[PDB]
Amino acid sequence: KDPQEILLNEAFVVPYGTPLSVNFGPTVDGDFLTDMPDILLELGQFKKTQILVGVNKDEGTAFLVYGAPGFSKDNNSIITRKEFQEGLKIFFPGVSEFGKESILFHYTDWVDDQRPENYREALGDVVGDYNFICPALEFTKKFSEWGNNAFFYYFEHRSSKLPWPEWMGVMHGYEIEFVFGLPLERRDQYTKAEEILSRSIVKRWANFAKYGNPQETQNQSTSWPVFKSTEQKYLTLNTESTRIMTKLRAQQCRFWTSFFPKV
Amino acid sequence: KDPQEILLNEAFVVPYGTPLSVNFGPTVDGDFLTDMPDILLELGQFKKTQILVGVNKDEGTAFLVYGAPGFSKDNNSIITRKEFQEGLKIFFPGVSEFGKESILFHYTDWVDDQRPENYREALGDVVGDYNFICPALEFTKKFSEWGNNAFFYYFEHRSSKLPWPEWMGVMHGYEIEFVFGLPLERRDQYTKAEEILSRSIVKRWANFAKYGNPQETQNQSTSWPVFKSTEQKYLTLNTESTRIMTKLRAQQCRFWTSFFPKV
Amino acid sequence: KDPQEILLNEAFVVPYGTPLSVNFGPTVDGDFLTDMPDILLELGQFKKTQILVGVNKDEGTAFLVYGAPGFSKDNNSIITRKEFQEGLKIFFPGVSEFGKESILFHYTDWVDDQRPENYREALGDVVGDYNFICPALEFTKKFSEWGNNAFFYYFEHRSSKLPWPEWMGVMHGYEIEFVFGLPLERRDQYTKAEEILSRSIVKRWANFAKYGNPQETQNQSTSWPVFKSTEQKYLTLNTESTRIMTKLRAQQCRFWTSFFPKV
Ligand SMILES: *[C@@H]1O[C@H](CO[C@H]2O[C@@H](C)[C@@H](O)[C@@H](O)[C@@H]2O)[C@@H](O[C@@H]2O[C@H](CO)[C@@H](O)[C@H](O)[C@H]2NC(C)=O)[C@H](O)[C@H]1NC(C)=O
Ligand SMILES: *[C@@H]1O[C@H](CO[C@H]2O[C@@H](C)[C@@H](O)[C@@H](O)[C@@H]2O)[C@@H](O[C@@H]2O[C@H](CO)[C@@H](O)[C@H](O)[C@H]2NC(C)=O)[C@H](O)[C@H]1NC(C)=O
Ligand SMILES: *[C@@H]1O[C@H](CO[C@H]2O[C@@H](C)[C@@H](O)[C@@H](O)[C@@H]2O)[C@@H](O[C@@H]2O[C@H](CO)[C@@H](O)[C@H](O)[C@H]2NC(C)=O)[C@H](O)[C@H]1NC(C)=O
Ligand SMILES: *[C@H]1O[C@H](CO[C@H]2O[C@@H](C)[C@@H](O)[C@@H](O)[C@@H]2O)[C@@H](O[C@@H]2O[C@H](CO)[C@@H](O)[C@H](O)[C@H]2NC(C)=O)[C@H](O)[C@H]1NC(C)=O
Ligand SMILES: *[C@H]1O[C@H](CO[C@H]2O[C@@H](C)[C@@H](O)[C@@H](O)[C@@H]2O)[C@@H](O[C@@H]2O[C@H](CO)[C@@H](O)[C@H](O)[C@H]2NC(C)=O)[C@H](O)[C@H]1NC(C)=O
Ligand SMILES: *[C@H]1O[C@H](CO[C@H]2O[C@@H](C)[C@@H](O)[C@@H](O)[C@@H]2O)[C@@H](O[C@@H]2O[C@H](CO)[C@@H](O)[C@H](O)[C@H]2NC(C)=O)[C@H](O)[C@H]1NC(C)=O
Ligand SMILES: *[C@@H]1O[C@H](CO)[C@@H](O)[C@H](O)[C@H]1NC(C)=O
Ligand SMILES: *[C@@H]1O[C@H](CO)[C@@H](O)[C@H](O)[C@H]1NC(C)=O
Ligand SMILES: *[C@@H]1O[C@H](CO)[C@@H](O)[C@H](O)[C@H]1NC(C)=O
Ligand SMILES: [Cl-]
Ligand SMILES: [Cl-]
Ligand SMILES: [Cl-]
Ligand SMILES: [Cl-]
Ligand SMILES: [Cl-]
Ligand SMILES: [Cl-]
Ligand SMILES: [K+]
C-alpha cells in the first residue's frame with residue numbers, strides 16, 4: 001500500500017475514539033517489553049536510577065477544543081451540566097453509565113458560589129487528572145518505593161506569548177519551550193520574569209542530568225526535596241515564588257487510582 | 001393521649017421506613033449529649049478506659065425477612081438480581097439511584113461460579129456491614145487512637161438450637177445467650193462444644209470487667225491481643241478454634257466508611 | 001543382578017518399615033552433601049536466595065490407608081483409641097513406649113464433644129505434622145533467619161474431582177494439578193471457582209520465578225507477606241477467600257520440633 005492509504009485508514013481501526021486516542025502504540029511484545037508494564041512497576045523490575053517527573057497545572061484543557069461540545073478556543077467556553085455530561089461521553093466512550101456518573105459525582109460538588117465556569121473547569125480537570133497527573137504521581141510513588149531518589153514538579157506558569165485563550169490556563173506542552181531555554185533569547189519578547197524562570201529550569205535540568213540532583217545552588221533558591229511515599233513533597237515552578245508543597249491532587253487521584261479502574 | 005394512640009402513630013412519623021428504622025432515638029440535646037457524637041469521637045472527647053467490642057458473622061440476615069422481596073424464613077430465599085435491586089430500595093429509601101448502584105457495584109463482583117445464592121448472601125452482607133460491622137470497627141479504631149486498650153471479637157458460631165433457617169447463619173442477637181452462660185445449663189440440650197465455648201466467653205467477659213483484660217488464662221487459650229490502628233487484630237469466637245486475624249471486612253468497610261457517606 | 005532382583009529385595013533391607021519408609025535415599029556423601037544438613041541449615045551454609053514453601057491441610061491422610069488398622073478408602077474409617085495406639089506403632093516403629101504415649105498425650109486432649117472421628121483425625125494430623133508440616137515450617141524459619149525473603153502458603157482446597165473419600169480432606173499431592181494449570185482446561189469438569197484458583201496460583205508461581213515475589217498484582221488480590229521469624233505470616237490458598245494468618249500449627253510444632261527429637 002502507499003503510505004497515504006495506510007494513514008487515511010488509521011483513524012478508523014477503532015469503533016469510536018477520543019481526542020486522546022492512541023490507535024497504534026506500544027504493546028507487550030515479549031521483546032522490548034517482556035510483561036505487562038504495570039506488573040514490572042509494581043514488582044520493582046526496572047532500572048534503578050534517579051528520576052525527575054512533573055506535570056503542568058492545566059494538562060486537560062488543550063483536548064477539550066478537539067470535540068467536547070460547547071468548547072471553542074475563540075470564546076470563554078462556559079458550558080452547562082448537560083454539555084459536561086456529553087463531554088464525558090466524548091472522553092470516556094466505552095465506559096458504563098455508572099462509571100460516567102461516578103466522574104460527575106466526584107468533580108461537581110462545588111466550592112461553591114454558582115460560578116458560570118464550574119463545569120468548564122471540571123471537564124479540563126477530569127481530562128488532565130485521568131490522563132496525565134494522577135498517572136505521573138502514581139508512577140513516581142511506585143518507582144520511588146524501590147529506593148531511588150525522585151523529584152516531582154508542578155509547572156504553573158502560563159507563557160506571556162501563549163496564542164490559546166486564557167481559560168485554557170497552563171496548558172499541556174507549554175513547559176517545553178522553558179526547558180529548552182527559548183525565553184533566554186531577549187529578542188523574542190518573553191518577559192524578564194520568564195527569562196529568569198527558564199534560566200533556573202535549564203540549570204535544574206542540567207544539574208539533574210550531570211549530578212542526579214535538580215538544585216539551583218547559587219541563587220538562594222528553594223531546595224528541591226526528594227519525593228517519597230508518605231510525604232509526597234513536590235516543587236512548584238512559577239515566575240513568582242517556588243514552593244514546596246505535599247500530596248498534589250490527593251482526593252482526585254484516590255478516585256482515579258483506586259476506584260475508577262474497577263468501573 | 002392514651003399510650004396506645006401514641007404507639008399506633010409512631011410507625012408513621014416518617015414518610016418511609018425500613019426494617020432498621022429508629023423513629024424516636026438519641027438526639028443531640030445539649031444535656032446528655034453536648035455535641036454531635038461523630039465530632040466528640042474524632043477529637044477524643046470521651047471517657048478514657050478499656051473497651052471490648054465485637055460483631056457476629058451474619059448481622060444483616062435477620063432483617064431481610066421483615067420486608068425484602070423474595071426472602072422468607074420458611075424457604076432458602078434464593079433471589080434474583082431484580083429482587084436484590086428492589087431489596088436495596090427497601091433498605092436505602094432516601095438514597096440516590098447512583099448511591100444504590102454503587103452498593104450493587106461493590107457487592108456483586110462475584111468469586112465466582114454462578115452460585116444461586118450470590119444475591120441472597122450479598123444482601124445480608126450489605127445490610128450487616130453498613131448497619132453494624134463497619135461502624136463497630138470504625139468506632140474501635142477511632143477510640144483506640146487516643147491511647148486506650150481495645151479488644152475486638154468476631155463471633156462465628158451458630159447456636160445448635162437456632163429456630164431460624166440455616167441460610168441466616170450466625171445471626172444478630174444470638175451471641176447473647178453465650179455471654180449470659182445459658183449453654184452452661186446441661187439440662188437445655190446445647191452441645192458439649194457449646195458449653196465449653198460459653199464457659200470460655202463468660203470467663204473472658206468477667207476478666208475484662210474485673211481486670212480490663214479479656215484473657216482466659218488457665219486453659220492454653222489463644223491470647224486476645226489489643227486492637228490497634230495499623231494492625232487491627234481481632235479474635236474469632238467459635239467452637240472449633242479461636243484465631244487471631246487482621247483487618248476484618250477491610251475492602252467493604254473502605255466502601256461504607258470513606259465513600260458511601262458522600263453519596 | 002537383574003534389576004528385578006534388586007527391586008524385589010529393597011522392601012526388606014530394613015527390619016520394619018512404615019508407609020513413609022525411604023529405604024534408599026540421600027546420604028551425607030562428602031560430595032553432593034558435605035556435612036549433615038541440619039548443621040549447614042543451622043549455621044547458614046546454603047545458597048542465599050528467595051524461597052516459596054507450603055503444605056496442604058491434610059498431608060498425613062493418604063498414608064493411613066497403606067497400613068494403619070481400621071482405615072479404608074471405602075468407608076469412613078472411624079477408629080477407636082486402641083486402633084489409634086496400634087496406628088502409632090505402625091508409623092513410629094523404632095520409638096519407645098514413652099515416645100508413643102507422648103504423641104497420644106499431645107494429640108488426644110479433645111475440644112471437645114465425644115465426636116466419633118476424634119481418633120481418625122488425630123492420626124492423620126500426627127502423621128502430616130511430623131512428616132511434612134512442622135519440618136517445612138522449621139526449614140522456612142531457619143532459612144529466613146539468614147536474611148532472605150521467604151513466602152509460606154497453606155493449601156486448603158479439596159479438588160472437586162478427587163477420587164479418594166471425603167474424610168481424607170485436602171490430601172498430600174493434590175495441589176500439584178492446580179500449580180500446573182490443569183483446571184484451566186474447561187473441557188475437564190473442574191468448577192469455575194477452581195479455574196480461577198488455579199489461574200491465580202499459576203500467576204503467583206510465575207511471578208515468584210520471574211521476579212522473586214509471588215504476588216497476583218492485577219485482580220485486587222491479597223498481598224502475600226514475607227515469612228519472618230517472630231511473626232510467621234503465611235497465606236491460605238482456597239477457592240473462597242485468601243487470608244493472611246500467623247504461626248501455623250504453633251502448639252503441635254513445638255511438640256515435634258523441640259520435644260520429640262529428644263525421645
Ligand atoms: C462558543 O463557541 C462554540 C463553538 O461553535 C462556534 O464557534 C463560535 C466562536 C462561533 O463561530 C459559532 O458560530 C460556531 O458554531 C458554541 O457552541 C456551538 O453552538 C452552536 C450554535 O448554538 C451549536 O449549535 C453548536 O453545535 C456548538 N458547537 C459545538 C462544537 O459544540 C458555543 O455556544 C459558544 N459558547 C459561548 C459563546 O459561550
Ligand atoms: C420463598 O417465599 C417467598 C415468600 O412468600 C411466601 O412464603 C412461602 C414460604 C409461601 O407460603 C408463599 O405462598 C408465600 O407467599 C416467595 O416470595 C413470594 O412469591 C410470591 C408468589 O410468587 C410473590 O408473588 C410474592 O410477592 C413473594 N413474597 C414476597 C414477600 O416477596 C419466594 O418466591 C419463595 N422463594 C423460594 C421458594 O425460593
Ligand atoms: C472399614 O474398613 C476396614 C478395612 O477392612 C475392610 O474393607 C471394608 C470396606 C470391607 O470390605 C471389609 O470386609 C474389609 O476387611 C475395616 O477394618 C477391618 O475390619 C475387619 C473385620 O472386622 C478386621 O478383622 C480387619 O482386620 C480390619 N482391617 C484392617 C486393615 O484394619 C473397618 O472396620 C471398617 N470400618 C468401618 C466400617 O467403619
Ligand atoms: C474491533 O473489531 C470490530 C471492528 O469493527 C470495525 O470494522 C472496521 C474495519 C472499522 O471500520 C471499525 O470502525 C468498525 O467498528 C468492532 O466492531 C464494532 O462494534 C460495534 C458496536 O460497538 C458494531 O456497531 C460493529 O460491529 C463495529 N462498529 C461499527 C461502528 O460499525 C469491535 O468493537 C472492535 N473491538 C474492540 C473495540 O475491542
Ligand atoms: C417530615 O415532614 C413531612 C411530613 O409528612 C407526613 O405527614 C405526617 C403526619 C405523616 O403521616 C407522614 O407519613 C407524612 O409523610 C414529610 O413530607 C412527605 O414528603 C413526601 C415526599 O417524600 C410527600 O409525599 C408528602 O408531603 C409527605 N409524605 C406522604 C407519604 O404523604 C417530609 O418528608 C418529612 N421530613 C423529612 C423526611 O426530613
Ligand atoms: C540392620 O542390620 C540387621 C539386618 O537384619 C536383617 O537381615 C536382612 C538381610 C533383612 O532380611 C532384614 O529384614 C533383617 O532384619 C538388623 O537386625 C534385625 O534386628 C532384629 C531385632 O529388631 C532381629 O530380629 C534380627 O537380627 C533382624 N530382624 C529380623 C526381622 O529378623 C538391624 O536391626 C539393622 N540395623 C538398624 C535398624 O540400624
Ligand atoms: C543567578 O543570578 C545571576 C545574577 O544575580 C543571574 O545573572 C543568573 O541568571 C542566575 N543563574 C541561574 C542559574 O539561575
Ligand atoms: C478449663 O478447663 C477445665 C478442665 O480441664 C474445665 O472444666 C473448665 O470449664 C475450663 N475453664 C474455663 C474458664 O474455660
Ligand atoms: C484477573 O481477572 C480477569 C477478568 O476480570 C480474569 O479473566 C483473569 O483470569 C484474572 N487473572 C489472574 C492472573 O488471576
Ligand atoms: Cl442529572
Ligand atoms: Cl501533608
Ligand atoms: Cl441492571
Ligand atoms: Cl494484615
Ligand atoms: Cl490407655
Ligand atoms: Cl500472632
Ligand atoms: K464510588
# chains A, B, ... in the order shown; residues from 1 in each chain; ligands from 1
>>> residues_around(residues="residue 181 in chain C", least_positions_apart="6", cutoff="7 Å", atoms="only C-alpha atoms", output="ChimeraX atom specification")
/C:198-199,202
>>> write_last_selection(atoms="C-alpha atoms", output="short mmCIF file (atom, residue, chain, number, x, y, z; two decimals), in the first residue's frame")
data_model
loop_
_atom_site.label_atom_id
_atom_site.label_comp_id
_atom_site.auth_asym_id
_atom_site.auth_seq_id
_atom_site.Cartn_x
_atom_site.Cartn_y
_atom_site.Cartn_z
CA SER C 198 -5.51 -22.34 39.55
CA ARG C 199 -5.16 -19.28 37.35
CA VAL C 202 -0.13 -20.19 38.30
#
>>> interface_residues(of="chain A", to="chain C", cutoff="9 Å", atoms="only C-alpha atoms", output="PDB file with C-alpha atoms, in the first residue's frame")
ATOM      1  CA  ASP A  38       2.014  -2.325  35.477  1.00  0.00           C
ATOM      2  CA  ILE A  39       3.353  -5.795  36.842  1.00  0.00           C
ATOM      3  CA  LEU A  40       7.037  -4.807  36.246  1.00  0.00           C
ATOM      4  CA  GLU A  42       4.628  -2.941  40.938  1.00  0.00           C
ATOM      5  CA  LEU A  43       7.329  -5.670  41.498  1.00  0.00           C
ATOM      6  CA  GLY A  44      10.354  -3.350  41.093  1.00  0.00           C
ATOM      7  CA  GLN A  45      11.591  -4.746  37.725  1.00  0.00           C
TER       8      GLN A  45
END
>>> residues_around(residues="residue 88 in chain A", least_positions_apart="4", cutoff="8 Å", atoms="only C-alpha atoms", output="list in words")
residues 84, 92, 93, 100 and 123 of chain A
>>> residues_near_ligand(ligand="ligand 16", cutoff="9 Å", atoms="only C-alpha atoms and all ligand atoms", output="count of residues only")
18
>>> residues_near_ligand(ligand="ligand 1", cutoff="7 Å", atoms="only C-alpha atoms and all ligand atoms", output="list in words")
residues 67, 68, 69, 70, 71, 72, 74, 75, 76, 77 and 78 of chain A
>>> select_by_dssp(residues="range 14-252 of chain B", states="strand (DSSP E)", output="list in words")
residues 51, 52, 53, 54, 55, 56, 150, 151, 152, 153, 154, 155, 233, 234, 235, 236, 237, 244, 245 and 246 of chain B
>>> residues_around(residues="residue 170 in chain B", least_positions_apart="2", cutoff="7 Å", atoms="only C-alpha atoms", output="PDB file with N, CA and C atoms, in the first residue's frame")
ATOM      1  N   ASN B  56     -21.216 -10.211  65.022  1.00  0.00           N
ATOM      2  CA  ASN B  56     -21.483 -11.582  64.649  1.00  0.00           C
ATOM      3  C   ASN B  56     -21.302 -11.702  63.187  1.00  0.00           C
ATOM      4  N   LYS B  57     -20.980 -12.907  62.730  1.00  0.00           N
ATOM      5  CA  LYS B  57     -20.706 -13.083  61.303  1.00  0.00           C
ATOM      6  C   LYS B  57     -21.833 -12.674  60.330  1.00  0.00           C
ATOM      7  N   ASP B  58     -23.105 -12.932  60.709  1.00  0.00           N
ATOM      8  CA  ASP B  58     -24.214 -12.614  59.732  1.00  0.00           C
ATOM      9  C   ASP B  58     -25.196 -11.612  60.322  1.00  0.00           C
ATOM     10  N   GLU B 156     -18.587 -16.271  65.462  1.00  0.00           N
ATOM     11  CA  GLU B 156     -18.948 -17.007  64.259  1.00  0.00           C
ATOM     12  C   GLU B 156     -19.548 -18.389  64.519  1.00  0.00           C
ATOM     13  N   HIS B 157     -20.187 -18.556  65.663  1.00  0.00           N
ATOM     14  CA  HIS B 157     -20.838 -19.799  65.987  1.00  0.00           C
ATOM     15  C   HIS B 157     -22.361 -19.676  65.912  1.00  0.00           C
ATOM     16  N   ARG B 158     -22.968 -20.556  65.141  1.00  0.00           N
ATOM     17  CA  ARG B 158     -24.414 -20.606  65.036  1.00  0.00           C
ATOM     18  C   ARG B 158     -24.963 -21.623  66.061  1.00  0.00           C
ATOM     19  N   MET B 168     -29.769 -18.070  57.199  1.00  0.00           N
ATOM     20  CA  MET B 168     -29.476 -16.861  58.019  1.00  0.00           C
ATOM     21  C   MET B 168     -28.191 -16.890  58.836  1.00  0.00           C
ATOM     22  N   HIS B 172     -27.606 -11.818  64.096  1.00  0.00           N
ATOM     23  CA  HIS B 172     -27.647 -10.716  65.073  1.00  0.00           C
ATOM     24  C   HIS B 172     -28.440 -11.179  66.307  1.00  0.00           C
TER      25      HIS B 172
END
>>> residues_near_ligand(ligand="ligand 11", cutoff="10 Å", atoms="only C-alpha atoms and all ligand atoms", output="number ranges by chain")
A: 230-233, 245-248, 250
>>> write_last_selection(atoms="N, CA, C and O atoms", output="PDB file, in the first residue's frame")
ATOM      1  N   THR A 230       4.630   8.521  51.509  1.00  0.00           N
ATOM      2  CA  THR A 230       4.436   9.093  52.828  1.00  0.00           C
ATOM      3  C   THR A 230       4.334  10.569  52.589  1.00  0.00           C
ATOM      4  O   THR A 230       3.211  11.016  52.396  1.00  0.00           O
ATOM      5  N   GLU A 231       5.445  11.306  52.478  1.00  0.00           N
ATOM      6  CA  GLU A 231       5.294  12.769  52.424  1.00  0.00           C
ATOM      7  C   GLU A 231       4.861  13.387  51.093  1.00  0.00           C
ATOM      8  O   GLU A 231       4.101  14.389  51.070  1.00  0.00           O
ATOM      9  N   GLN A 232       5.354  12.805  50.012  1.00  0.00           N
ATOM     10  CA  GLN A 232       4.992  13.225  48.632  1.00  0.00           C
ATOM     11  C   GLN A 232       5.221  14.735  48.415  1.00  0.00           C
ATOM     12  O   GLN A 232       4.414  15.433  47.800  1.00  0.00           O
ATOM     13  N   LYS A 233       6.393  15.223  48.805  1.00  0.00           N
ATOM     14  CA  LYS A 233       6.794  16.640  48.503  1.00  0.00           C
ATOM     15  C   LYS A 233       7.022  16.872  47.023  1.00  0.00           C
ATOM     16  O   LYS A 233       7.625  15.979  46.333  1.00  0.00           O
ATOM     17  N   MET A 245       5.382  21.896  48.285  1.00  0.00           N
ATOM     18  CA  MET A 245       4.025  21.524  48.705  1.00  0.00           C
ATOM     19  C   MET A 245       3.975  19.992  48.829  1.00  0.00           C
ATOM     20  O   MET A 245       4.940  19.317  48.447  1.00  0.00           O
ATOM     21  N   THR A 246       2.849  19.458  49.332  1.00  0.00           N
ATOM     22  CA  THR A 246       2.717  17.993  49.520  1.00  0.00           C
ATOM     23  C   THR A 246       1.427  17.419  48.935  1.00  0.00           C
ATOM     24  O   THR A 246       0.392  18.115  49.005  1.00  0.00           O
ATOM     25  N   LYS A 247       1.465  16.166  48.450  1.00  0.00           N
ATOM     26  CA  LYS A 247       0.203  15.429  48.139  1.00  0.00           C
ATOM     27  C   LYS A 247      -0.637  16.104  47.099  1.00  0.00           C
ATOM     28  O   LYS A 247      -1.829  16.443  47.310  1.00  0.00           O
ATOM     29  N   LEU A 248       0.000  16.418  45.975  1.00  0.00           N
ATOM     30  CA  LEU A 248      -0.689  17.039  44.831  1.00  0.00           C
ATOM     31  C   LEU A 248      -2.019  16.250  44.455  1.00  0.00           C
ATOM     32  O   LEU A 248      -1.980  15.005  44.290  1.00  0.00           O
ATOM     33  N   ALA A 250      -4.483  15.070  45.933  1.00  0.00           N
ATOM     34  CA  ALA A 250      -4.670  13.846  46.733  1.00  0.00           C
ATOM     35  C   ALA A 250      -6.097  13.252  46.535  1.00  0.00           C
ATOM     36  O   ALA A 250      -6.207  12.044  46.321  1.00  0.00           O
TER      37      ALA A 250
END
>>> residues_near_ligand(ligand="ligand 5", cutoff="12 Å", atoms="only C-alpha atoms and all ligand atoms", output="PyMOL selection string")
chain B and resi 8-17+23+93-95
>>> write_last_selection(atoms="C-alpha atoms", output="short mmCIF file (atom, residue, chain, number, x, y, z; two decimals), in the first residue's frame")
data_model
loop_
_atom_site.label_atom_id
_atom_site.label_comp_id
_atom_site.auth_asym_id
_atom_site.auth_seq_id
_atom_site.Cartn_x
_atom_site.Cartn_y
_atom_site.Cartn_z
CA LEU B 8 -50.19 3.32 66.99
CA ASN B 9 -48.83 6.51 65.31
CA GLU B 10 -45.06 6.03 65.82
CA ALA B 11 -44.59 3.90 62.64
CA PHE B 12 -45.98 6.76 60.58
CA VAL B 13 -43.98 9.86 61.63
CA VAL B 14 -41.58 9.09 58.81
CA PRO B 15 -42.59 9.01 55.06
CA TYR B 16 -40.95 5.60 54.54
CA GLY B 17 -39.02 3.41 56.92
CA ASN B 23 -38.17 6.62 64.56
CA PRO B 93 -35.07 4.50 50.68
CA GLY B 94 -33.80 8.05 50.71
CA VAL B 95 -30.69 7.22 48.74
#
>>> atom_distance(atom1="CA of residue 141 in chain C", atom2="CA of residue 59 in chain C")
19.7 Å
>>> select_by_dssp(residues="range 17-255 of chain B", states="alpha helix (DSSP H)", output="PyMOL selection string")
chain B and resi 37-42+61-64+81-91+97-107+118-128+134-144+176-179+192-211+250-254
>>> atom_distance(atom1="atom 8 (C, counted along the ligand's line) of ligand 9", atom2="CA of residue 129 in chain A")
27.8 Å
>>> residues_around(residues="residue 149 in chain A", least_positions_apart="2", cutoff="10 Å", atoms="only C-alpha atoms", output="JSON, numbers by chain")
{"A": [48, 49, 50, 51, 52, 140, 143, 144, 145, 146, 147, 151, 212, 213, 225, 226, 227, 228]}
>>> write_last_selection(atoms="N, CA and C atoms", output="mmCIF file, in the first residue's frame")
data_model
loop_
_atom_site.group_PDB
_atom_site.id
_atom_site.type_symbol
_atom_site.label_atom_id
_atom_site.label_comp_id
_atom_site.auth_asym_id
_atom_site.auth_seq_id
_atom_site.Cartn_x
_atom_site.Cartn_y
_atom_site.Cartn_z
ATOM 1 N N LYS A 48 17.349 0.924 38.218
ATOM 2 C CA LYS A 48 17.435 1.630 39.455
ATOM 3 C C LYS A 48 18.318 2.862 39.272
ATOM 4 N N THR A 49 17.701 4.036 39.251
ATOM 5 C CA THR A 49 18.374 5.258 38.961
ATOM 6 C C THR A 49 17.489 6.429 39.448
ATOM 7 N N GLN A 50 17.921 7.671 39.265
ATOM 8 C CA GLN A 50 17.111 8.836 39.754
ATOM 9 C C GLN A 50 16.163 9.220 38.629
ATOM 10 N N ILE A 51 14.997 9.766 39.007
ATOM 11 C CA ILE A 51 14.092 10.321 38.062
ATOM 12 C C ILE A 51 13.575 11.729 38.451
ATOM 13 N N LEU A 52 13.216 12.506 37.441
ATOM 14 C CA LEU A 52 12.644 13.834 37.562
ATOM 15 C C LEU A 52 11.341 13.782 36.752
ATOM 16 N N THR A 140 5.560 7.863 39.974
ATOM 17 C CA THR A 140 6.633 8.378 40.833
ATOM 18 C C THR A 140 6.588 7.725 42.234
ATOM 19 N N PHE A 143 7.827 4.018 41.744
ATOM 20 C CA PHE A 143 9.237 3.974 41.406
ATOM 21 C C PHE A 143 10.081 4.261 42.628
ATOM 22 N N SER A 144 9.666 5.284 43.400
ATOM 23 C CA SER A 144 10.472 5.711 44.498
ATOM 24 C C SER A 144 10.412 4.706 45.669
ATOM 25 N N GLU A 145 9.372 3.848 45.753
ATOM 26 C CA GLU A 145 9.273 2.844 46.836
ATOM 27 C C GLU A 145 10.373 1.808 46.731
ATOM 28 N N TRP A 146 11.074 1.698 45.605
ATOM 29 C CA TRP A 146 12.144 0.713 45.481
ATOM 30 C C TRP A 146 13.439 1.371 45.788
ATOM 31 N N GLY A 147 13.450 2.539 46.413
ATOM 32 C CA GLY A 147 14.733 3.008 46.978
ATOM 33 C C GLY A 147 15.428 4.106 46.132
ATOM 34 N N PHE A 151 12.200 13.238 42.005
ATOM 35 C CA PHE A 151 11.916 14.673 42.246
ATOM 36 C C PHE A 151 10.689 15.022 41.401
ATOM 37 N N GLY A 212 22.476 14.114 39.071
ATOM 38 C CA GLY A 212 21.345 13.409 39.699
ATOM 39 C C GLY A 212 20.593 14.226 40.740
ATOM 40 N N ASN A 213 20.765 15.537 40.726
ATOM 41 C CA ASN A 213 20.149 16.355 41.810
ATOM 42 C C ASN A 213 19.699 17.703 41.265
ATOM 43 N N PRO A 225 13.214 18.955 47.314
ATOM 44 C CA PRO A 225 13.361 17.734 48.151
ATOM 45 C C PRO A 225 12.972 16.497 47.373
ATOM 46 N N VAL A 226 13.508 15.333 47.751
ATOM 47 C CA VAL A 226 13.100 14.137 47.108
ATOM 48 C C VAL A 226 11.643 13.862 47.485
ATOM 49 N N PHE A 227 11.013 13.267 46.505
ATOM 50 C CA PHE A 227 9.630 12.782 46.583
ATOM 51 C C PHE A 227 9.679 11.384 47.157
ATOM 52 N N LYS A 228 9.008 11.194 48.314
ATOM 53 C CA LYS A 228 8.946 9.906 48.934
ATOM 54 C C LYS A 228 7.482 9.512 49.087
#
>>> residues_near_ligand(ligand="ligand 10", cutoff="9 Å", atoms="only C-alpha atoms and all ligand atoms", output="PyMOL selection string")
chain A and resi 81-82+85+101
>>> closest_residue(among="C:90, C:33, C:184, C:111", to="ligand 8", atoms="only C-alpha atoms and all ligand atoms")
C:111
>>> residues_around(residues="range 159-167 of chain A", least_positions_apart="5", cutoff="9 Å", atoms="only C-alpha atoms", output="number ranges by chain")
A: 61-62, 73-77, 120-121, 174-175, 178, 189-191, 194
>>> closest_residue(among="A:63, A:32, A:224, A:98", to="residue 173 in chain A", atoms="only C-alpha atoms")
A:63
>>> closest_residue(among="C:55, C:237, C:28, C:193", to="residue 134 in chain C", atoms="only C-alpha atoms")
C:55
>>> residues_around(residues="residue 253 in chain B", least_positions_apart="6", cutoff="9 Å", atoms="only C-alpha atoms", output="list in words")
residues 129, 130, 133, 134, 135, 137 and 138 of chain B
